[PDB]
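Visitor: Below are the structure tokens for one structure; questions will follow.
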Amino acid sequence: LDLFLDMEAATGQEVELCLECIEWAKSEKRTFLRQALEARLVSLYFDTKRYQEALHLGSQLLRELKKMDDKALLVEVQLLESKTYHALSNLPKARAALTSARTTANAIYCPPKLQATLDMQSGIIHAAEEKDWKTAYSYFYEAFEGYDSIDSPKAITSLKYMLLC
Amino acid sequence: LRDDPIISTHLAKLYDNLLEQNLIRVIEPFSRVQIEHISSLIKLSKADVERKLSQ
Amino acid sequence: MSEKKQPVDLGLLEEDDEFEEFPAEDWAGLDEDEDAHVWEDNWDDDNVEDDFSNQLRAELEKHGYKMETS
Amino acid sequence: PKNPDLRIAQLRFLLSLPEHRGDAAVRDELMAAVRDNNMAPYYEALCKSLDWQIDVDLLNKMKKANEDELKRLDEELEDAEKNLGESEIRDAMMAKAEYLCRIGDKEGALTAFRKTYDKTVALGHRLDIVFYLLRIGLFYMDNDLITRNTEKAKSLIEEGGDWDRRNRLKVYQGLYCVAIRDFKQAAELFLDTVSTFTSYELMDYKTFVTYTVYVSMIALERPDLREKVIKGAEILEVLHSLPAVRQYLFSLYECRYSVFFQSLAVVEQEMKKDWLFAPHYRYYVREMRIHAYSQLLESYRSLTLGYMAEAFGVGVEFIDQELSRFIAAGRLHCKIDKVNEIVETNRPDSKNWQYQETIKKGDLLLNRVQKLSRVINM
Numbered sequence: 093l094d095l096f097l098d099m100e101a102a103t104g105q106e107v108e109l110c111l112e113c114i115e116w117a118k119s120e121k122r123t124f125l126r127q128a129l130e131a132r133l134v135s136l137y138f139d140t141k142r143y144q145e146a147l148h149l150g151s152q153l154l155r156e157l158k159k160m161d162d163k164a165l166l167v168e169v170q171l172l173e174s175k176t177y178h179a180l181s182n183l184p185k186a187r188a189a190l191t192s193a194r195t196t197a198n199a200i201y202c203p204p205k206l207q208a209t210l211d212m213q214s215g216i217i218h219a220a221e222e223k224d225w226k227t228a229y230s231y232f233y234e235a236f237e238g239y240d241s242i243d244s245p246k247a248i249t250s251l252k253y254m255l256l257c
Numbered sequence: 313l314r315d316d317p318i319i320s321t322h323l324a325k326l327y328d329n330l331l332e333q334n335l336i337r338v339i340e341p342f343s344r345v346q347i348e349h350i351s352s353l354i355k356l357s358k359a360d361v362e363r364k365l366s367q
Numbered sequence: 001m002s003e004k005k006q007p008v009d010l011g012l013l014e015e016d017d018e019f020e021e022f023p024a025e026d027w028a029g030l031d032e033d034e035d036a037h038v039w040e041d042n043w044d045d046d047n048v049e050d051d052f053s054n055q056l057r058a059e060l061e062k063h064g065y066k067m068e069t070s
Numbered sequence: 012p013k014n015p016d017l018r019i020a021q022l023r024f025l026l027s028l029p030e031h032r033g034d035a036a037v038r039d040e041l042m043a044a045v046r047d048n049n050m051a052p053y054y055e056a057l058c059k060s061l062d063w064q065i066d067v068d069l070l071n072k073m074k075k076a077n078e079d080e081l082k083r084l085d086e087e088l089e090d091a092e093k094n095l096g097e098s099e100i101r102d103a104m105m106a107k108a109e110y111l112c113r114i115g116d117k118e119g120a121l122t123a124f125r126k127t128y129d130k131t132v133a134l135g136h137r138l139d140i141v142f143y144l145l146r147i148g149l150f151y152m153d154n155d156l157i158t159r160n161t162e163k164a165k166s167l168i169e170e171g172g173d174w175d176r177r178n179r180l181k182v183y184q185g186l187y188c189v190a191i192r193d194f195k196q197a198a199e200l201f202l203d204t205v206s207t208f209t210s211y212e213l214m215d216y217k218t219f220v221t222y223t224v225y226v227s228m229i230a231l232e233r234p235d236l237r238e239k240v241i242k243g244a245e246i247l248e249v250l251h252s253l254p255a256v257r258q259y260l261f262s263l264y265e266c267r268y269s270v271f272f273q274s275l276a277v278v279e280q281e282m283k284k285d286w287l288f289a290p291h292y293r294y295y296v297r298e299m300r301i302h303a304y305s306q307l308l309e310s311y312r313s314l315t316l317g318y319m320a321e322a323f324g325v326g327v328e329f330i331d332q333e334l335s336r337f338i339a340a341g342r343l344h345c346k347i348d349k350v351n352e353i354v355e356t357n358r359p360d361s362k363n364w365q366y367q368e369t370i371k372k373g374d375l376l377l378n379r380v381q382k383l384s385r386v387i388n389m
């Protein structure tokens, strides 16, 4: 699925075919599988800039994630929840989803793909209101510490964010 | 900068803030002055300058 | 005195006997849109309203045609 | 009532005045005729409707089920009667009364909501019955009758702001302040829009946004808009719903008349044909024009007619009679002259006029102490 979506080809059948993946995964009753398929499909609607059903279906996914286990999966959807309220420019719900992902991910050693994205988005939250660029520069600096030597577009946009803030 | 993120607004506020420092620099000694004497310093049109000033 | 109010009020009862509840109901056709709306505003709105009740009432639909012609 | 027959029965205004839009408006009314005992509303506005051929078919079926479910509420009321209970008789009387809102007759619903208004065990249930008069008072467009129970249910609440009860009443404050033309006290009412929601009892949330964009868009200034809404993220969420609204905020705030008048015809045609929003459509236009002309004319002392005609994208002949009507009629500023064919204001409205704003109250207090002199000795 991820290697099929990174090709960036024929995105019209991708979202419907992903709905056939959630349909098939529910047909064989694989709950965590279709939770992952919604977890990537909501990133597809984030890439499509369709903020209605991404926040709606993602929120209904939060209704079955707040009850269930796998707290690290909640960090993905509260992270991208912060991405979609920031993309809609809503600061308190982005700070609340951010802080909820922080107090969810405080016990879990996250991968630096997920661990650094908290502070990467957090610097855009604080320097979105431009409260303190010392703290925000700490967020893009530690974000650069997370994206160092793992991905070169992410690194050049990381130093773009350091020189930016 | 066409693939620039939402922070283009922050870059534009940096531009307009340096414009503000320009305006509070050159206008500040001047009670009454020509608009092209004072825009000839910055060699820019008076339209957007008039809009930002009057704004 | 206030007893000279009495023949003036006989004139008023002749005015109310001109039309019997024809103007209260028909002018209440305008009052039912106008009741509890502050009538100092209804003098301005009545002023420009009655000013444009003759011609060019809405007229903002026409200004887009006034662009190329003027 | 709180049924969707409120909003379908709210389409009768746009069904009424044009003959153009009365096709879909009669379409969902005829389709909605089988719903919520719709018989007596379209029988009432049937003069505003079609002929009597297919009309007399379904009236005979609705009229008998009317009395059937009515007498089941009556016998169910009697079985709720002669028995120990309050909320059983409250809800039997109340469902009877909402059924009387379904037929659309507040004769039996006035006395029925009056009886369960006397069976209110708490004031919260009383405010619920109050709102049950407000939702049909919206269709009925009474003024004092629906402000009476909110005036009396206003005092002595003492139970805190509830989640959509108190919010629902605050929305109703938005309702009658859409009805009335008081606006600067209507500017506080939509401030709960963080907490307002899709209310199918009265009004959709996006229609709540669509109606509060007018009172904000006209009735508020740039410190007011920059304070409340340009700062606020709530409009930053819902601006993505319609691209027009973002133009009517950003181009108006950006003071671009050549596009705002090009798009203002949609505010004009949208502004009419509306239930509670119709009769003031003359006022919002003119008030918005003078507020825009004061917006440009505030920061500008002298103004050529060339840059002005370029700014508005209109001929000079119209702005000629505009501001001439806005000296006396609009009453914006000091006298404008055409000896040089150039807009020139003076506006000495700060120094001495800041003191002479009080000579009006000095003369009004002077006549009021003449009234105090009229108290003397008799």
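For the protein sequence lines, the chains are L, E, U and G, in the order given.
Just so you know, we're using the authors' numbering here: the first sequence kicks off at 93 and counts up by one.
Just so you know, we're using the authors' numbering here: the second sequence kicks off at 313 and counts up by one.
Just so you know, we're using the authors' numbering here: the third sequence kicks off at 1 and counts up by one.
Just so you know, we're using the authors' numbering here: the fourth sequence kicks off at 12 and counts up by one.
Where is the CB? At the ideal position from N, CA and C, for every residue including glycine.
1. Check for me: the alpha helix (DSSP H) holding G/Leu-95 runs from which residue to which?
2. Would you say G/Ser-305 faces chain E, with C-beta separation under 9 Å as the test?
3. Can you give me, in chain order, the residues of the region 170 to 185 of chain L that have a beta carbon less than 9 Å from any beta carbon in chain G?
4. Where does the unbroken alpha helix (DSSP H) through E/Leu-330 begin, and where does it stop?
5. Which runs of the beta strand (DSSP E), 3 residues or longer, sit entirely within the region 141 to 204 of chain L?
6. With a CB to CB cut of under 6 Å and the five nearest residues on each side skipped, what residues in its chain are close to L/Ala-193?
7. Please list the partners that L/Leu-190 has in chain E, where partner means a Cβ-to-Cβ separation under 8 Å.
8. Go to L/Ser-250, then tell me how far its alpha helix (DSSP H) extends in each direction, as first and last residue.
9. If we cut at 9 Å on Cβ distances, does E/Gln-333 have a partner in chain G?
10. Compare the beta carbon distance of G/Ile-338 and U/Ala-36 with 9 Å and say whether it is the shorter of the two.
11. I believe G/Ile-19 touches G/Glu-40 by the beta-carbon criterion, under 8 Å. Please report the beta-carbon distance rounded to the nearest angstrom.
12. Where does G/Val-327 sit, in a helix, a strand or coil, going by DSSP?
13. Against chain E, does L/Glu-222 count as a neighbour if the rule is that its beta carbon must be under 9 Å from one of theirs?
14. So, for L/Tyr-231: in the same chain, excluding its five sequence neighbours on each side, which residues have a beta-carbon less than 6 Å away from its beta-carbon?
15. Would you tell me roughly how many angstroms separate the C-alpha atoms of G/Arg-342 and U/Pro-7, rounded to the nearest one?
16. Report the option in L/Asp-243, L/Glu-222, L/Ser-250 whose CA atom is closest to the CA atom of E/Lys-325.
17. Could you give the distance in angstroms between the alpha-carbon of G/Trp-174 and the alpha-carbon of E/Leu-335?
18. Whose C-alpha, out of L/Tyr-201, L/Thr-103, L/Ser-151, L/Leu-180, is nearest the C-alpha of G/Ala-244?
19. So who's on the other strand from G/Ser-227, going by DSSP bridges?
20. Any beta-carbon of chain L closer than 9 Å to the one on G/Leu-260?
21. Excluding the five sequence neighbours on either side, which residues of its own chain have a C-beta within less than 7 Å of the C-beta of G/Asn-160, listed in chain order?
22. Taking a Cβ distance cut-off of 7 Å, strictly less, list which residues of the region 162 to 180 of chain G are near chain L, in chain order.
23. Distance check for G/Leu-314 and E/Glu-340, CA to CA, integer angstroms please.
24. Select from G/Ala-276, G/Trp-364, G/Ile-301 the residue whose C-alpha is nearest the C-alpha of U/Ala-58.
25. Considering Cα atoms alone, identify which of G/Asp-116, G/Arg-336, G/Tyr-304 is closest to G/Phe-323.
26. Once you ignore the five residues that flank G/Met-73 on each side, which residues in its own chain have a CB closer than 6 Å to its CB?
27. How would you list, in chain order, the residues of chain E whose beta-carbon sits under 9 Å from the beta-carbon of G/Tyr-268?
28. Answer with yes or no whether the minimum CB distance from G/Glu-248 to chain L is below 9 Å.
29. Identify whether L/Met-212 lies in helix, strand or coil by the three-state DSSP scheme.
30. Among G/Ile-246, G/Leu-156, G/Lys-283, G/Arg-257, which one has its Cα closest to the Cα of G/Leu-28?
31. In chain G, which residues lie less than 7 Å from U/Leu-56 when you measure between Cβ atoms?
32. Is it right to say L/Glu-130 is buried, meaning 16 or more other beta carbons lie within 10 angstroms of its own, or is it exposed?
33. Of all Cβ atoms in chain G, is any one closer than 9 Å to the Cβ of L/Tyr-137?
34. In chain E, which residues lie with their C-beta within 8 Å of the C-beta of L/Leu-147?
Guide: With the given structure in hand:
1. Here G/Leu-95 belongs to no alpha helix (DSSP H), and DSSP marks it neither H nor E.
2. no
3. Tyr-177, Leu-180, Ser-181, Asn-182, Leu-183, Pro-184, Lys-185
4. 320 to 338
5. none
6. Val-167, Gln-170, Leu-171
7. Within chain E, no residue comes near L/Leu-190; the closest Cβ sits about 17 Å away, beyond 8 Å.
8. 244 to 256
9. no
10. no
11. 6 Å
12. helix
13. yes
14. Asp-211, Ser-214, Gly-215
15. 42 Å
16. L/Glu-222
17. 50 Å
18. L/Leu-180
19. Looking at the DSSP assignment, G/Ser-227 forms no beta bridge with any residue, so it has no partner.
20. no
21. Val-141, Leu-144
22. none
23. 23 Å
24. G/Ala-276
25. G/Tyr-304
26. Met-50
27. Going along chain E, no residue has its Cβ under 9 Å from G/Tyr-268, so there is no contact; the nearest lies around 13 Å.
28. yes
29. helix
30. G/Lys-283
31. Neighbours of U/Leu-56 on chain G: none; closest Cβ ~10 Å, over 7 Å.
32. buried
33. no
34. Simply none; closest approach about 18 Å.
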